[PDB]
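Shown here is one chain on its own, the form solved without ligand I7O, set out as structure tokens.
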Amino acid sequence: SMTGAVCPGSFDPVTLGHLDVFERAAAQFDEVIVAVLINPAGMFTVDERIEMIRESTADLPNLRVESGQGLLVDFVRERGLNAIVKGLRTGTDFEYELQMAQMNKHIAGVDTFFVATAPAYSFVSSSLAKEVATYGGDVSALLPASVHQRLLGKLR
């Protein structure tokens, strides 16, 4: 009766699409850990990204956020878990991710569960949101309230 999953990504910044995945993971596993990737060139620092996710998931009691580095399967196994949950928008997303999933299962016995993203956000990604905002487009309805204002300031 002690199930759990890791939700990995760069989350730079977290989108409503990502939040939806976290909420859906947290509804089906006893414990969910969001793993924010540290990579040796982002718009937000790892601490900022972690902050934004915490503010948006405060209503999820069984969820926590941490930074991670190195092999994802090492992160997962060091926390006593062996499941990863990720959202997918399209069939080519699946193709990219299936390779990694099968590799992760092979080298460390860690399984991967995919969820279809909510339809209203089939077209949102952190990068497209950032690009559009940079050139003055309105992305307020695609980012959580926590994120949107902080994104404004970053470009200002």
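In case it trips you up, residue 1 is the first one in the sequence shown, and so on.
This protein has a second form, the form deposited with ligand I7O bound, left out of what is shown; the following refers to that one.
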Give a yes/no on whether residue 89 approaches ligand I7O to within 4.5 Å in the deposited bound form, heavy atoms considered.
yes
Any of the heavy atoms of residue 4 lying within 4.5 Å of ligand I7O in the deposited bound form?
no
Taking the shortest heavy atom distance, is residue 21 within 4.5 Å of ligand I7O in the deposited bound form?
yes
Residue 117, heavy atom within 4.5 angstroms of ligand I7O in the deposited bound form:
yes
